[PDB]
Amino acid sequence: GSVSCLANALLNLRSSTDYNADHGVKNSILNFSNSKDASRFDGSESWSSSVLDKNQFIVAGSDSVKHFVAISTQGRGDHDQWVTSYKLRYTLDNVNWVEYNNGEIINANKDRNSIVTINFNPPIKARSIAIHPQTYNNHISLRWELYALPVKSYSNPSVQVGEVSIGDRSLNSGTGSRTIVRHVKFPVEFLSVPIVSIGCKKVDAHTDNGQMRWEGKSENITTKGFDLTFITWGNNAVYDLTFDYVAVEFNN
């Protein structure tokens, strides 16, 4: 139950330099492998930089706030090149960048194919993150994956709002349980059925021997609207009631 970010095409990648396009970030996913034909080159089984120094990197980013729980790195699949240590940097706001664990130099790879995995406890909370190779065998060449928490069912909800009143004397007389319905139409139709939350912002009602009785509920909710059922009981005379409603659509 972690998300493989690169495997799912969830992040944009950007390297400092590329040896050429046949060594670009597009070739960098963990376990990347291509044709084992030696007579025709189809690209490195890695990102490989052009410049060899301590200033190269790949940035991975997108708009969403991610909770990164691990990173895995690997050397290059088709030649003896691998990153032996690296630093990490990240940003939540895309303005201020932070050094992971005070600029910790993480021990990394020692061969082409063995995976080295570092776990983040607590998760790194970030929009963008950058791997910064510090040392290497032969060339700055790597494959990698970033692991994040899945998105919660409750995130990114859609919302519409409005108000509803009795607007007449429908509940202003009589005895026992008495109800009226006001049908509400959402300004725009939802793609799935929302929930509808309500809160009273006007009471104009008479007590019944000192007892106040009123209720509202949302019912019969559809993509297009819902019913506000206004309720009184005993012998209360309710002159008017008003609710604000907040309709919330999830997972869409």
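Don't overthink the numbering: it's just position in the shown sequence, from 1.
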{"item": "Mean temperature factor over C-alpha atoms, higher-scoring stretch between 166-174 and 125-133", "value": "166-174"}
{"item": "Stretch with the greater mean C-alpha B-factor as recorded in the entry, comparing 198-206 against 32-40", "value": "32-40"}
{"item": "Peak C-alpha temperature factor (PDB record), options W97, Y86, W144, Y147", "value": "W97"}
{"item": "Which of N102, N113, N138, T91 ranks first by CA B-factor in the deposited coordinates", "value": "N102"}
{"item": "Lowest, middle or highest third - CA B-factor, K26", "value": "lowest"}
{"item": "Ranked C-alpha temperature factor of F190 among modelled chain residues, by third", "value": "highest"}
{"item": "Lowest, middle or highest third - CA B-factor, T222", "value": "highest"}
{"item": "Third of the chain, ranked by Cα B-factor, where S49 sits", "value": "lowest"}
{"item": "Third of the chain's Cα B-factor distribution that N107 belongs to, per the entry", "value": "middle"}
